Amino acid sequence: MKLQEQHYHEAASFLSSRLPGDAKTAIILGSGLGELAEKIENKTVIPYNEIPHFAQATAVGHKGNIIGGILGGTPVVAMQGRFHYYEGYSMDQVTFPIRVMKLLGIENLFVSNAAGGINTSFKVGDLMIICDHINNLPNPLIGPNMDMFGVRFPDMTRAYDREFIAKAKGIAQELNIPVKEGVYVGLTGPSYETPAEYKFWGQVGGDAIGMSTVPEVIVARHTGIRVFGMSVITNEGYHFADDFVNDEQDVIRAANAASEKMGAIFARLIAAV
């Protein structure tokens, strides 16, 4: 009850005394995307293992650092690597960083991920602006409500900020970067989906599928952080070849290759919001 609040405060104290403290935007760097850290200038690198009550990062392609610094001439806090429910963690553990971000004075959260394309018009390499999601992981707010952070029953009507989507599209046009928009479906994993599951999710309004994001987005919105999301389509959950197989490394490679274009958007978006 009082112990939980105190844990947030302890993690936030620790970061505050190591970070500048002027950043209003945090960025979550997903599976193929951790090397966008290279674009952050004047880096203060804080390993998750050093931070009170942060989980200890086990997913492949997830380094596990808080990075303080400058992106698009703008103070930033990045999560290099993110936690996932498939790792064994509770939702409380997965989303812990988002509430620590609130305590640091973060107002905007940009979130990226590697996602499977289930809209048959999305192809490997495409960047998708997340316009909405479907949650199929346990809701992260289950349990007693942390009133310090928000209301018992938060609105999810526009989880993905309309102004941010508008500005990101404007920016993509400026930069000659094509973007898609659509609905991200959040599933636990960690196995990739069967064709039947892919077809199911596409049939009910899914455009892309992955294993993160939604929980942190629900927790962000619960505490009034404005959210922008961007998937990299790293594989196509349709048109299967007779001997096709999804692969951890092919997803990471495909995200790696789209990192520079997504990074460019994030760099100008951070200065725009």
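Start at 1 and count along the sequence shown; that's the residue number.
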Revision key, fill the gap. Of 2-10 and 264-272, the stretch with the higher mean C-alpha B-factor in the deposited entry is 2-10
Practice item. Going by the average Cα B-factor in the PDB entry, point out whether 28-36 or 220-228 comes out higher. Key: 28-36
Exercise for review: Can you pull the Cα B-factors for 233, 209, 214, 57 from the entry and say which is highest?
Suggested key: 57
**Study point:** Among modelled residues of the same chain, the CA temperature factor third for residue 167
**Key:** middle
**Study point:** Entry-reported Cα temperature factor of residue 122, expressed as the chain third it lands in
**Key:** highest
Check your understanding: By the record's CA B-factor, is residue 176 among the lowest, middle or highest third of residues in the chain?
Key -> highest
Review point. In terms of the chain's CA B-factor thirds, is residue 161 lowest, middle or highest?
Key: middle
**Study point:** Third assignment of residue 94 from its chain's C-alpha B-factors
**Key:** lowest
